S.K.: 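Sharing a structure, written as structure tokens. Questions coming.
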Amino acid sequence: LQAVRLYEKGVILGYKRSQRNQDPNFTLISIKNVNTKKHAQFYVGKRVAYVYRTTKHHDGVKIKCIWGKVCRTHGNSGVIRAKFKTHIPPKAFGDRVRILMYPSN
Amino acid sequence: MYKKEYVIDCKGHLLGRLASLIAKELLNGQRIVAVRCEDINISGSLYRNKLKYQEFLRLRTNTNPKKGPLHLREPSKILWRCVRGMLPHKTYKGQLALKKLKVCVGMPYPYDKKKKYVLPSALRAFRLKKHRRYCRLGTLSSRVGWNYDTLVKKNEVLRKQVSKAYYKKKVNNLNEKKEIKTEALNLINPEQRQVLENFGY
Amino acid sequence: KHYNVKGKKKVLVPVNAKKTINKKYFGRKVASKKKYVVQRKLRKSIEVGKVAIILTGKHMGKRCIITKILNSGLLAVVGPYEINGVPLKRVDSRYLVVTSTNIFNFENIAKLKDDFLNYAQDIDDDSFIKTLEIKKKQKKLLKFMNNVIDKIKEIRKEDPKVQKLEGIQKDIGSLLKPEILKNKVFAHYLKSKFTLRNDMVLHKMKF
Amino acid sequence: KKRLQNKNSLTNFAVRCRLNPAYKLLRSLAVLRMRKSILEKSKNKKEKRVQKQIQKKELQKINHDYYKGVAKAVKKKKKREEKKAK
Amino acid sequence: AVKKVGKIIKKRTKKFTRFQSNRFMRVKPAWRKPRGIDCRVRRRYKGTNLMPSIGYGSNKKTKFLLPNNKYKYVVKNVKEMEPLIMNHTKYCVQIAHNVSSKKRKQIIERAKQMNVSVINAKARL
Amino acid sequence: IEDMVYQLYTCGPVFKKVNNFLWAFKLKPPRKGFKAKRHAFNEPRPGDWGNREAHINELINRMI
RNA sequence: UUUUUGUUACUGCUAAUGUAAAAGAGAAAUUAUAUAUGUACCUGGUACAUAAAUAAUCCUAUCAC
RNA sequence: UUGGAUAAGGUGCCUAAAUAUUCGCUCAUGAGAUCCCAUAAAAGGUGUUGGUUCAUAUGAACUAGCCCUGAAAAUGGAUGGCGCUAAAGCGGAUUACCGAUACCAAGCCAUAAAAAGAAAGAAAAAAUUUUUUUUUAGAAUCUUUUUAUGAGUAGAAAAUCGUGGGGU
RNA sequence: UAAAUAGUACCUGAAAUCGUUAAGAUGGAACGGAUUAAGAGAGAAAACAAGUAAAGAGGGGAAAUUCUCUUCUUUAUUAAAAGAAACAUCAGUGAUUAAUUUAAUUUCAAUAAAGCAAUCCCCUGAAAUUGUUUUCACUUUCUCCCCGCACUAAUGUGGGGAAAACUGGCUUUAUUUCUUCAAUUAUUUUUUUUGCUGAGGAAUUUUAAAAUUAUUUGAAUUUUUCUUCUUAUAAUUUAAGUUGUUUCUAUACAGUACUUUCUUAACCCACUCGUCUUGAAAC
Ligand SMILES: [Mg+2]
Ligand SMILES: [Mg+2]
Ligand SMILES: [Mg+2]
Ligand SMILES: [Mg+2]
Ligand SMILES: [Mg+2]
Ligand SMILES: [Mg+2]
Ligand SMILES: [Mg+2]
Ligand SMILES: [Mg+2]
Ligand SMILES: [Mg+2]
Ligand SMILES: [Mg+2]
Ligand SMILES: [Mg+2]
Ligand SMILES: [Mg+2]
Ligand SMILES: [Mg+2]
Ligand SMILES: [Mg+2]
Ligand SMILES: [Mg+2]
Ligand SMILES: [Mg+2]
Ligand SMILES: [Mg+2]
Ligand SMILES: [Mg+2]
Ligand SMILES: [Mg+2]
Ligand SMILES: [Mg+2]
Ligand SMILES: [Mg+2]
Ligand SMILES: [Mg+2]
Ligand SMILES: [Mg+2]
């Protein structure tokens, strides 16, 4: 009816880690219809947006974003590692992100 | 895992494999509602599982049993406690995940009219060779003092009758719609009819 | 100009040097010491009459017709304003997804290709950058909240470059509209906007 | 001297030719002989067979005899041991 | 945590607090090297206070610059700030704490004439 | 540089000097891992530590 | 208990905001697993029909004024 | 510090990565689950799976794999937990993947060593061939540039920070 | 009284300990390290605008009289620089998907025609120190016959006996986009989509050389729109460690934006110091 979508959906999982260590430089993302390693490589250069809400106004608005990039896959099941301009807060680990399609090929 | 809420009927699933697939969905963030918990299967003889429960029943805090392990013998609470033992439930996030699960015996109102799914990687028909032994969670819970096995079946009978009538009406509606469809194909511009024909609609 | 290394044939175009830096131990100099640069080499699906979708700006989701390669990488489009509502506009090919459908394959329109090309020679890269005086005139208005919008819209209307561009837009629209409206389903195709529905997965779609 | 970036000595043509003053000739010869072949497709892959008939049929008898002898000796040892068992 | 503005890079911004200074109030936060067997901070156990080391040092080319990107020189009277007329684009002045208001006014109005900047030209006004 | 290649691939008269002229090579870990350094190349198990005659080229192309 | 506008002199105050998750958050027979379900007849049995990579599907969405 | 790729071990959930593939064995009314390491024997089985001999497609003997009996302690408990039998168990094979402060490439700090220097002159930019900005260096334990390296109790040395008082 | 929060328990008046108000947190200890986020307080010395014109108040230096320099306004004119983000180019270091010249190693497979043998064939097996030489077995068919006459798991079947060369095997052509031309190794040449990094700034080694492009002076050979050999001048970079274009901050003077300090969450981790001791979180 209105407000076209033009992106693919995703959920932000935790950080890149082992058992007992953290490494918060990269974050792991899951994409909605992608569940093989070969299909995940399709998205290997796209731009990622994380949009959330606040309670006060900050520049006249109550919404702000944190931008990132898709860097590589995470092995055999269509998960990806993403690098953001700032580290994602850990109070976000089940929220939504937008896997855009801007840098088109 | 991109839905507001999933509804699963557990009739025919093995307890451990189902409990493992639910915990990761809860951790990633997904509401789950589990129904018909009295029809869950386990992969040993009924006597072999009764002995295991008897071992579970005799461990308790010596000085004060009000504390200590609490033995819950309804079938739905058994699955609840088996899932709880696969989550890090002593942090904050892991306690948030445990609260996004709801369990029922039978199939009460809000969910008797919703769509139910199954998990094929936990179905007994695909996972257990046919000459092995297995038991039913309702019988086992009755053997250790649950006392509501009969009433659930009595209610399931009525639910199934109502569902059968609904299905009859649905089939009639679908046929009536198919006739209206097949008539209207003749009254369209021919090229739209070819483009629908080519793509199998 | 071009240099040929290992049989590659990259194209060279001139470039200017602007930034200045400190010298080591007397007065400064200019940093860059090059004089040419390699051209962009766009991808092999950008034609002169294909339909494409805008992804980012105000007209996101709309469909348009690609018109010219603008000698500076980015390219000019028109989704005929008389049909669609999209003016002459400049976009970066990285913000477009281009389909496989070409306007000039319909034999009802193919006989207009030369005249379409003739109008497009006047489209110029400079005519899209707005002059400093217009910038200053618009920004003087910030010193009610409804008169200002109308004033801003009005000041843009007498930029001579805008008028020159309006002329070409109208010429192309009037030339091309009558043959587009003969194909009903195709005109409705150009009048709608693209969107993503569930049950289409974007790594199995071809378009 | 001040150190600079180190250039890839295998993929950078200028430094590759600087270090190996004979690489340009060899690469040119290889490229020429590569193009000649593809320009003669549907006209190559035919002579190969007509000369394979020339020499492979001569080599075939020798190879067949060699492998036949190896298999025969392996069989002889087997029979000699089996009979020794009794 | 690395902080970088232009060419200036800081390799850390938090202080190195003394071990046990949050639990005992007779222990001050100024850093002292832990000595003595069985410490867990001297032995580099994970999860405790870190120790300073020469590896956090700053670039020689940007070691004493302020965010102004100038070095700081502190003056006490007018005659001390005359060597700044030859190097005014690399230095900035700051007035000492114990000079009177009358002296401060003159120092400020001479710094203005020399085209040198004053870091604290708002005090005692 | 081709002269040193010649003297290394064939033990030419100038081999001690050419070889002693070069710094010891410093290599990455291999791209698909090892099998087991504990065991030998000629053991019936996955292993590494033996003399592998011409299979060294495959390994050193992966850890170049 | 329709709706419009907002939560951008002096005592603690006396106008007042939150979110573990909107972007088509679409989908109600039952039953078996070396087989099932629906219809007619007879007291479960005859007879016929239909499913069987069955969400690898179906349904909904742009035609302004 | 930023990237990359590993070791030892792992890939059902706890917990990052295979409910992976491809062959055999096992049913336990006290199964089993790998260095150190956190116990088990002699002697038996008409449980089931392979194999070796002697006897007109049947008897007998023997052998060794998993399973079972031998097998009893004190607060309630431990393959780490849940649990697991078309294994998530035991013996192999083939691939992918995840994983260090160790390995590789690049920046920066310091230590050690090295190549050199004590006979010095103009560079841009903004301004309509006139002005304006910035720089125009030369301290010897000093100034430029290059490479390798960096664990530490008892103990030893250098450089550096601060306090009362005296001369300049 | 200059001052009484200098009132005689009288200069200044720290910490432990307690009172008042405000703001937060709070399922069987509390505080911490790493990393971010949400609030709150404070801030302009880099975190835009030199200069130009007009008027008003001042302060100096030279030659009570004329020049010339500067600070603060108030108006209205005007550049220029800087920091970020996007895209592109190059270089260094990786991932990812499609190929490729020549050769070696018992390879195969298909289409037209004509033949060879019949328990027979390329093979394989059982017999009478290596190469021959003989003997008998090895093929199944939806064909035929006899017996059981429907006996089967089978839209067929158990036992016995025949026929054929359709199928399988082997020769001679003349063929390879009907079809096949594999696999491993040696030796060579490319290719799709993308992550991270940009040290330095050469008054005479950012030169020389090398590569490229367009005119040339001559010889080869591989005989050619990347064929070789700097055997003559010009330019360029692939040489000689990142450059450009647009937009925003913004026509600002501290605002909810930017810098910074506190407070409080999350995710991972974290036993009480000093001492003697082989060994300390130690009952
Ligand atoms: Mg731990
Ligand atoms: Mg934790
Ligand atoms: Mg412009
Ligand atoms: Mg600091
Ligand atoms: Mg000790
Ligand atoms: Mg391994
Ligand atoms: Mg060892
Ligand atoms: Mg690392
Ligand atoms: Mg294992
Ligand atoms: Mg996991
Ligand atoms: Mg017997
Ligand atoms: Mg495990
Ligand atoms: Mg692995
Ligand atoms: Mg040391
Ligand atoms: Mg004293
Ligand atoms: Mg006094
Ligand atoms: Mg209590
Ligand atoms: Mg015949
Ligand atoms: Mg003693
Ligand atoms: Mg000792
Ligand atoms: Mg002792
Ligand atoms: Mg101790
Ligand atoms: Mg003790």
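Numbers restart at 1 for each chain; the letters A, B, ... are given by sequence-line order, proteins then strands.
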S.K.: Is a salt bridge present between A:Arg17 and A:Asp23, judged by a nitrogen-to-oxygen distance below 4.0 Å?
M.R.: no
S.K.: With a 6.0 Å cut-off (strictly less than), is the heavy-atom count around CZ of C:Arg28, excluding the residue itself, greater than 12?
M.R.: yes
S.K.: Taking all heavy atoms of E:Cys39 and all of E:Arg43, pick out the closest pair and write down the distance.
M.R.: N-NE, 4.4 Å
S.K.: Please check if the number of heavy atoms outside B:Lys102 that lie under 6.0 Å from its NZ is greater than 12.
M.R.: no
S.K.: Backbone N or O of B:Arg17 within a donor-acceptor pair of the B:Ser20 side chain at under 3.5 Å?
M.R.: no
S.K.: Could you report the tightest heavy-atom contact between B:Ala34 and B:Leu79, atom names first, then the distance?
M.R.: CB-CD2, 4.4 Å
S.K.: Which atoms form the tightest heavy-atom contact between E:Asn120 and E:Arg104, and what is the distance?
M.R.: ND2-NH1, 4.2 Å
S.K.: Given side-chain contact (heavy atoms from CB on, under 4.5 Å), test F:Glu2 with D:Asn20 step by step and report yes or no.
M.R.: CA-CA 7 Å; F:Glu2 293 295 325; D:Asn20 193 12; 3.5 Å; yes
S.K.: Is the shortest distance from a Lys or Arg side-chain nitrogen in F:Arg52 or F:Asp48 to a carboxylate oxygen in the other one below 4.0 Å?
M.R.: yes
S.K.: Step through the shown structure and confirm whether more than 12 heavy atoms of other residues, nucleotides or ligands are within 6.0 Å of NZ on F:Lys35.
M.R.: no
S.K.: State whether the number of non-hydrogen atoms from other residues, nucleotides or ligands found under 6.0 Å of F:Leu22 atom CG is greater than 12.
M.R.: yes
S.K.: How many angstroms lie between atom CG of B:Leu96 and atom NE2 of B:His89, to the nearest 0.5 angstrom?
M.R.: 14.0 Å
S.K.: Within this structure, what is the CZ-SG distance for the pair A:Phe84 and A:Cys71, rounded to the nearest 0.5 Å?
M.R.: 9.5 Å
S.K.: Check the surroundings of atom CH2 in F:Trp49: do more than 12 heavy atoms from other residues, nucleotides or ligands lie under 6.0 Å from it?
M.R.: no
S.K.: Hey, what do you get for CH2 (E:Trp31) to CG (E:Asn49), rounding to the nearest 0.5 Å?
M.R.: 7.0 Å
S.K.: Spell out, as yes or no, whether a donor-acceptor pair under 3.5 Å connects the side chain of E:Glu80 to the backbone of E:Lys76.
M.R.: yes
S.K.: Between B:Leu57 and B:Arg73, is the side-chain contact (heavy atoms from CB on, under 4.5 Å) condition met? List the steps.
M.R.: CA-CA 10 Å; B:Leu57 264 167; B:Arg73 45 214 80 181; 3.7 Å; yes
S.K.: Check this for me: E:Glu109, atom CD, are more than 12 non-hydrogen atoms of other residues, nucleotides or ligands nearer than 6.0 Å?
M.R.: yes
S.K.: Could you tell me which non-hydrogen atom of E:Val41 sits nearest to which non-hydrogen atom of E:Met51, and how far apart they are?
M.R.: O-CE, 3.4 Å
S.K.: I'd like to know if the side chain of B:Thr61 and the backbone of B:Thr63 have a donor-acceptor N/O pair within less than 3.5 Å.
M.R.: no
S.K.: Ignoring hydrogens and angles, tell me if any N or O in the side chain of A:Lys46 forms a donor-acceptor pair with the backbone of A:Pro103 under 3.5 Å.
M.R.: yes
S.K.: Could you measure the distance from the CZ atom of B:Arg60 to the NZ atom of B:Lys67? Nearest 0.5 Å is fine.
M.R.: 15.0 Å
S.K.: Starting from the C-alpha separation in whole Å, work towards a yes-or-no answer on side-chain hydrogen bond (donor to acceptor under 3.5 Å, both in side chains) for A:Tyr43 and A:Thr73.
M.R.: CA-CA 9 Å; A:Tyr43 300 75; A:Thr73 61; over 6 Å; no
S.K.: For F:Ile56, does the CD1 atom have more than 12 heavy-atom neighbours from other residues, nucleotides or ligands under 6.0 Å away?
M.R.: yes
S.K.: Whether the side chain of B:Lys4 engages the backbone of B:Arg31 through a donor-acceptor N/O pair (distance < 3.5 Å, no angle test) should be reported.
M.R.: no
S.K.: Under 3.5 Å, is there a donor-acceptor pair between the side chain of E:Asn69 and the main chain of E:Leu66?
M.R.: no
S.K.: Taking the side chain from D:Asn8 and the backbone from D:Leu10, do they hold a donor-acceptor pair closer than 3.5 Å?
M.R.: yes
S.K.: Work out which heavy atom in B:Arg81 is nearest to a heavy atom in B:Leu70; give both atom names and the distance.
M.R.: NE-O, 4.1 Å
S.K.: So, taking the atom named CZ in A:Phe93 and the one named CG in A:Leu13, what distance separates them when rounded to the nearest 0.5 Å?
M.R.: 9.0 Å
S.K.: Begin from the C-alpha positions of E:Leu84 and E:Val93 and carry the test side-chain contact (heavy atoms from CB on, under 4.5 Å) through to its verdict.
M.R.: CA-CA 9 Å; E:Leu84 303 155; E:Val93 308; 3.5 Å; yes
S.K.: Any side-chain heavy-atom pair from B:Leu59 and B:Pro69 closer than 4.5 angstrom?
M.R.: yes
S.K.: From A:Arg53 CZ over to A:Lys64 NZ, what is the distance, rounded to the nearest 0.5 angstrom?
M.R.: 15.0 Å
S.K.: Got a sec, which residues hit salt bridge (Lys or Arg N to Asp or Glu O under 4.0 Å) with F:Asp3, two or more places apart in sequence or on another chain?
M.R.: none
S.K.: Within the side chain of B:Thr91, is there an N or O that forms a donor-acceptor pair under 3.5 Å with the backbone of B:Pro88?
M.R.: yes
S.K.: Any donor and acceptor pair, going by atom type alone, linking the side chain of E:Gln113 with main-chain N or O of E:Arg110 inside 3.5 Å?
M.R.: no
S.K.: With distance as the sole test, does A:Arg98 use its side chain to make a donor-acceptor pair with the main-chain N or O of A:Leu100 at under 3.5 Å?
M.R.: no
S.K.: Run the salt bridge (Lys or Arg N to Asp or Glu O under 4.0 Å) test against B:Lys77 and tell me which residues pass, sequence neighbours left out.
M.R.: B:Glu74
S.K.: Mind checking what makes side chain to side chain contact (heavy atoms under 4.5 Å, CB included) contact with C:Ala17, not counting sequence neighbours?
M.R.: C:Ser32
S.K.: What are the two closest heavy atoms between E:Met114 and E:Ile85, and how far apart are they?
M.R.: SD-CB, 4.0 Å
S.K.: Please check if the distance between the ring centroids of E:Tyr56 and E:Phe16 is under 6.0 Å.
M.R.: yes
S.K.: Would you check if the distance from the ring center of E:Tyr71 to the ring center of E:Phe64 is below 6.0 Å?
M.R.: no
S.K.: With a 4.5 Å cut-off on side-chain heavy atoms, are B:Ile22 and B:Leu101 touching?
M.R.: yes
S.K.: side-chain contact (heavy atoms from CB on, under 4.5 Å) for E:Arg32 and E:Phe19? Distances and angles first, verdict last.
M.R.: CA-CA 8 Å; E:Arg32 292 280 178 288; E:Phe19 181 50; over 6 Å; no
S.K.: Report yes if the distance between the aromatic ring centroids of A:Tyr52 and A:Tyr50 is under 6.0 Å, otherwise no.
M.R.: yes
